[PDB]
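Engineer: Any chance you can model this:
(11 chains)
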Amino acid sequence: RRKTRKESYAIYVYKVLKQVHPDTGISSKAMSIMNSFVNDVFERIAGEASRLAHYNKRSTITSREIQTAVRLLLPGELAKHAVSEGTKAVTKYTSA
Amino acid sequence: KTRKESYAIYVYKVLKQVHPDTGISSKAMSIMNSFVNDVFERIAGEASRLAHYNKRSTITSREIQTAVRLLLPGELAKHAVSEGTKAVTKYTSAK
Amino acid sequence: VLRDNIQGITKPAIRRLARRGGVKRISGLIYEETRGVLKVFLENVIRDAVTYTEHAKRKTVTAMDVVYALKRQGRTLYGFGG
Amino acid sequence: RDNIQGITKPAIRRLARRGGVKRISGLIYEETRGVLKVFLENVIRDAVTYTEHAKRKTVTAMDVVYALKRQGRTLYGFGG
Amino acid sequence: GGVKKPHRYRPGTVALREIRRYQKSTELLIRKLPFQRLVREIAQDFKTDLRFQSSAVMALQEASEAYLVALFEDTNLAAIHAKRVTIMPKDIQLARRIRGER
Amino acid sequence: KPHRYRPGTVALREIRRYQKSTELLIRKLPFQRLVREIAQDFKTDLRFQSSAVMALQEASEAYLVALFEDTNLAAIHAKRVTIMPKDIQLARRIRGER
Amino acid sequence: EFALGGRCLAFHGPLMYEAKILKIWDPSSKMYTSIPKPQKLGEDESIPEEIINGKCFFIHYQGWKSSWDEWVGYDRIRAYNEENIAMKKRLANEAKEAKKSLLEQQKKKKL
Amino acid sequence: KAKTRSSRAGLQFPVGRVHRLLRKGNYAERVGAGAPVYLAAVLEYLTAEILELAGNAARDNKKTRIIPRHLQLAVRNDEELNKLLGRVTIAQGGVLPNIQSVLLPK
Amino acid sequence: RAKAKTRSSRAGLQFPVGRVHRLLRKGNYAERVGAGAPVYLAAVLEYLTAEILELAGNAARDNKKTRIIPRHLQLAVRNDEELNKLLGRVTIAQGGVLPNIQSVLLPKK
DNA sequence: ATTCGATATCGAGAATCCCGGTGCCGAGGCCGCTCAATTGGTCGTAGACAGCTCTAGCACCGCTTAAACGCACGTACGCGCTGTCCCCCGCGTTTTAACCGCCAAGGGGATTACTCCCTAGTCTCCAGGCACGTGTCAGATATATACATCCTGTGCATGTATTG
DNA sequence: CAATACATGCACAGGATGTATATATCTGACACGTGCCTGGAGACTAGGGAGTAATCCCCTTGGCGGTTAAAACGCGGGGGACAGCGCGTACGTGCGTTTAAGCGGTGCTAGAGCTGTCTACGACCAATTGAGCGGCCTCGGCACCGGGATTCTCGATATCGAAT
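Structural biologist: Residues are numbered from 1 along each chain as shown, chains lettered A, B, ... in the order given. Shown next is the protein structure:
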């Protein structure tokens, strides 16, 4: 038969690699490392987001509690840069 | 709302079931309430996981039997599985 | 603005905390760098607590948010709500 | 059985040399095998419990990293 | 002739006596006001003019004592590790190293 | 007289060798036989995927190299270079699994 | 002279010690004045009869606890003045010479 | 006449609120009937053991009311709770009365 | 019906916003998820991947390599202390360790 | 001035680095499918906001006494050093099973299909849990003895060093 | 060579001393009575997730032959581990002094908390399509190999500092 789809971020990781390094290759095992990475950190931040929304008695995931949480997990260097481009991405998303 | 919801009288009654002569401190009682809330969160979170984790989507007795043998250390486990199984047996017998 | 209270963790109090731990004899330069240890632990705890605080549009740090943040970092506390 | 002694003395030396240890006592090896094996029944007990949850009686690497995820240590590149 | 001499104990008897005294105690061993000053001065550069519940600051108090005393038994073990009874700054550096927050 | 290094120089050389390397330092079939015999008591007639025992291999070597770094720190603590077991029972005790 | 709460130097064996005067006793009135007011001796309070006919002072030794507090007469008490301080230094030197003789006899005992 | 689910299950812990905490507490969109029953059962079991050990501690400390010092002795004397809740610090517990042997006088 | 434009290109991102929104919904975190939440989530995932990939690229470059190996990833994540608390309790397969020697283990003169 | 130890250098050995060479199989791009993202419209409803209340948190102040600080004497550990022993590194030979690889077989993981048991959802009812009030005894506080117990002297059991 | 006093090491008396124990007392948090209201329970329906039959295939298991890198055993020896000792100093302990924490009282307010509105906004469902994933196929980065250079190591002879 034709097998079911397995969820992976491989093509996006490849193209952001090309954005940061247009000539650098990638191996498959390292790419699976990266997929496990993005799944793990996404689960961490999404669990923190869902909790911190529940914890103040709120039933809606928004951008505010996840900028709060990204700042919770990611440390300073991984923080102000992340929150800054996140807000400009959100504003350019709502602008369009 | 103004109503605040906690396991006060329930832990009091199981205490009287164990020791029908012993008092309890209120901050000790908050220790008990936060403790049962925390272990409830751990057991429910892992049960929701291992229900998701085999592509299931409903919460029944089998996975929480699995998770109570899994989380709690062994000694507490087999007895917890025994009492939970006889409890659900009583529940289905009484419908 | 309050300033220069870091010495407020007094020398006998650091001793008393040690003597609950069961140690006998205390080195002399323990006190100031253990005050620094309290400083780093309290700063990351209070960072998580004030982050939880300002998410709730709040200007008051709640004990709820304190035990919340302790649940986050692996140093959780009991007796103040779940 | 005998396979607990299959974790040989040069192998434990290799682990120490990756661990940056210069000199190793002779009594390291057997109780290090004990530490290894107790870590093993903890992890594989969690992994097998995941395994007969799935109505399964062969184990997967996915269940292994899943048991690690429970025990706290996270492994990458083995799925999940 | 016979000159007096006080009732000073050997160094260590008073030690172990207050060890048994304090390992049965349950109260707080830091004074509330200085540690509250610590909490209020640390929560300045994060944000100004905070308010703290009286239960919140004492939760910080007792949590910090729990962390410090738990650091102190394995500090004692690290001091005994080098066949010593004096603890040293290296002991707690190693403790925080092996916990994984260094 | 044949050339012989002093005790420790070869040891540091293959510190460097096993630290720049990434391959897996336990013989695969003895570890597989270990995993089978230690899974035997939990369930009889249990089958293991090859990637599963690879995952146990990688996790075990990571656990032991971390524990042995901790061992080297607690050994260099007591004015020493050689480790003893008592080093690693303290290393496990302070990490909270004894 | 002697005042309530003032410094004094007193005998104690062969040596001089500084003390606080907490009570002043008058033998004629069978009474003493104290510091936080005349009053008589209490139920558990007594003065040795060797000095109770002379003017007594209840004194507290500095650097030593309240178990060492005691009644002393003019024989055992002197005012805190430079003559008494100087002979206190002299008797401290005598105690130092006694300790040095102790060291000499123990080092000859070792040999 | 309406009977509670706990008396159906023979428990003192309530099936109703723990079912509601499963539902609005946002763990799964669907939950069966027997899961809160089993959940309340295991909560009763663990609560009974910790309270019975606390009662033993209170008897040994000859106090007729539970104090968190008794709770701390209950959780720390039992080694199984010591890796169930050795991760956990509790309020007003103190520590175990332990002295290392080298610190004892000779 | 207008031309179908991806949400990632609408927000100037490369991780799929619709896919991570589907993972938020089907991953059972709540019954309701806001619109900009997967956008921001995708963006912070982009940021983390951007730093870890450029560090892996530097790890490949000083090793005179052009393909990323898990050893490059391990060196990249262990060389940065902030990623080191992020990934400290995490283990990397075929990663090895940092080459480090404590001081007294060196030979003396 | 003489001898000796630490260091200083030369040279041999040896493990690894770097340069070609050669073959190899994962990897990146092309192609085809297919199904979840996207558009669009609606509909319920959840949170933002305004507003009112009231509670405990902040600030001050005034008396306390427990503690903080400081200092002085002492003694017991920390550590620097040395001697000695024994235990583990290093190297060689022998063994042995790890690994490749090759094939046979079959066991269950995964997928499809069906049919049905249970559960979300809704409405109605009712009683159990919680906010509130009180009275009341378990335990805190204080005070006076009892007793472990700590320290030290001093007094006797035993090694022993000197002497007759 | 024996004794005996002396020195060194247990046994015990005794005084401080701090802590456990007995008793009064009060007091305030524990527990028990009440009202209620909202959330759990009773009943019925939809429908859909899940249990069970089939199947196939692929991926795991078992075994058999060769080869070899690695394991095991052993000899030696040199480097640590560990015991002992001495000296200094660094807190240990204790007493006196300051002081600031701690309790009670007081007020005030800012900010937490509850209620109403309603409008933005996400949930849900039909179309559809373009991205994303399964398969295939070449190729070049890379794995393996071999030879010269480089760096490191280690041990045998000159040379300066140190003691006598």
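Engineer: Determine the longest strand present in chain G.
Structural biologist: In chain G, with assignment by DSSP state E, the single longest strand is strand G:15-26.
Engineer: strands paired with the following helix or strand past that strand, and their directions?
Structural biologist: Per DSSP states H and E, strand G:15-26 leads on to strand G:31-34 as the next helix or strand towards the C-terminus. Paired with strand G:31-34 in the same sheet, following DSSP bridges, are strand G:15-26 (antiparallel), strand G:38-39 (antiparallel).
Engineer: most packed of the ones you listed?
Structural biologist: Most buried of the strands paired with strand G:31-34, by mean neighbour count (mean count of other C-beta atoms under 10 Å in any protein chain shown): strand G:15-26, with a mean of 19. (Each C-beta comes from the backbone N, C-alpha and C, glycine too.)
Engineer: who touches that strand?
Structural biologist: Strand G:15-26 has contacts (C-beta atoms under 8 Å, 6 or more residues apart in numbering or on different chains) with E:3, G:2-10, G:31-35, G:47, G:52, G:55-62, G:64, G:69, G:71, G:80, G:84, G:87-88, G:91-92, G:94-95.
Engineer: quick one: the helix or strand encompassing residue E:69 near chain D?
Structural biologist: Element membership of residue E:69 [criterion: DSSP H and E] is helix E:54-81. No - shown here: helix E:54-81 not in contact with chain D (C-beta under 8 Å from any C-beta of the partner chain), separated by at least 15.1 Å.
Engineer: can you pull out the strands in chain C?
Structural biologist: Remark: strands assigned in chain C by DSSP E are C:60-61.
Engineer: Please identify the residues of it in proximity to chain A?
Structural biologist: Contacts of chain C with chain A, taken as C-beta under 8 Å from any C-beta, map to C:48, C:51-52, C:54-56, C:68, C:72.
Engineer: and which of those residues is nearest chain H?
Structural biologist: Set against chain H, the nearest of those by C-beta to the nearest C-beta is residue C:72 (13.4 Å).
Engineer: residue contacts, the closest one?
Structural biologist: So residue C:72 contacts A:48, A:72, C:48 (C-beta under 8 Å, 6+ apart).
Engineer: got the contact list for the nearest residue to the last one once chain neighbours are set aside?
Structural biologist: Same thing as residue C:48. In space, and not counting its chain neighbours, residue C:48 is closest to residue C:69: 3.6 Å by C-beta to C-beta, 6 or more residues apart in numbering or on different chains. Shown in contact with residue C:69 (C-beta under 8 Å, 6+ apart): C:45, C:48-49, C:51-52.
Engineer: picking that back up, wondering if the helix holding residue E:69 reaches DNA strand J at all.
Structural biologist: Yes - counting by C-beta under 7 Å from any atom of the strand, DNA strand J has neighbours in helix E:54-81: E:54-55, E:79.
Engineer: What is the neighbour count of the closest residue to chain I within chain G?
Structural biologist: Closest residue of chain G to chain I, C-beta to the nearest C-beta: residue G:110 (42.4 Å). Counted with other C-beta atoms under 10 Å in any protein chain shown, residues neighbouring residue G:110 total 6.
Engineer: Compute the distance between it and residue A:32, please.
Structural biologist: The gap separating residue G:110 from residue A:32 is 79 Å, by C-beta to C-beta, to the nearest Å.
Engineer: and residue G:9, that's in a helix?
Structural biologist: No - remark: residue G:9 does not belong to a helix; assigned using DSSP: H, G, I helix; E, B strand; the rest coil, it is strand.
Engineer: What sits closest to it if chain neighbours are left out?
Structural biologist: Counting by C-beta to C-beta, 6+ apart, the residue nearest residue G:9 is residue G:84, at 4.6 Å.
Engineer: which parts of the host helix or strand of that neighbour are buried?
Structural biologist: Element membership of residue G:84 [criterion: DSSP H and E] is helix G:82-110. With burial defined by 16 or more other C-beta atoms under 10 Å in any protein chain shown, the residues of helix G:82-110 counted as buried are G:84, G:88, G:91.
Engineer: what's the closest of the residues you listed to chain H?
Structural biologist: Set against chain H, the nearest of those by C-beta to the nearest C-beta is residue G:91 (38.3 Å).
Engineer: Might you report the residue contacts of that closest one?
Structural biologist: Contacts here follow C-beta under 8 Å, 6+ apart; on that basis residue G:91 touches G:14-16.
Engineer: Quickly note the distance from it to chain B.
Structural biologist: Taking C-beta to the nearest C-beta, to the nearest Å as the measure, residue G:91 falls 62 Å from chain B.
Engineer: Filter the contacts of strand G:15-26 down to the buried ones, ChimeraX style.
Structural biologist: Selection of buried members from the contacts of strand G:15-26 for ChimeraX, criterion 16+ other C-beta under 10 Å:
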select /G:2,7,8,9,10,32,47,52,56,57,58,59,60,61,71,80,84,88,91
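Engineer: Near chain E, which residues of chain H are found?
Structural biologist: Residues of chain H found near chain E (C-beta under 8 Å from any C-beta) are H:68-69, H:89, H:91-100, H:102-103, H:105.
Engineer: and if we set it to 6 Å?
Structural biologist: H:69, H:89, H:92, H:94-95, H:97, H:100, H:102 (C-beta under 6 Å from any C-beta of the partner chain).
Engineer: contacting residues for residue E:87?
Structural biologist: Contact partners of residue E:87, counting by C-beta atoms under 6 Å, 6 or more residues apart in numbering or on different chains, are C:23, E:75, E:79.
Engineer: just residue H:77 next, same as before
Structural biologist: Applying C-beta under 6 Å, 6+ apart, no residues contact residue H:77.
Engineer: For the residue of chain E found nearest chain G, which non-adjacent residue is spatially closest?
Structural biologist: The nearest approach of chain E to chain G comes at residue E:3, 6.5 Å away (C-beta to the nearest C-beta). Nearest residue to residue E:3, sequence neighbours excluded (C-beta to C-beta, 6+ apart): residue G:13, at 6.5 Å.
Engineer: can you tell if the helix or strand hosting residue G:59 touches chain E?
Structural biologist: Element membership of residue G:59 [criterion: DSSP H and E] is strand G:57-61. No - applying C-beta under 6 Å from any C-beta, one finds strand G:57-61 separated from chain E by no less than 10.0 Å.
Engineer: who does that strand pair up with?
Structural biologist: If you go by DSSP bridges, strand G:57-61 pairs up with strand G:15-26 (antiparallel), strand G:70-72 (antiparallel).
Engineer: To DNA strand K, which of those strands lies closest?
Structural biologist: Proximity of these to DNA strand K was assessed by C-beta to the nearest atom of the strand; the nearest stretch is strand G:15-26, lying at 8.2 Å.
Engineer: Please consider this matter closed, and thank you.
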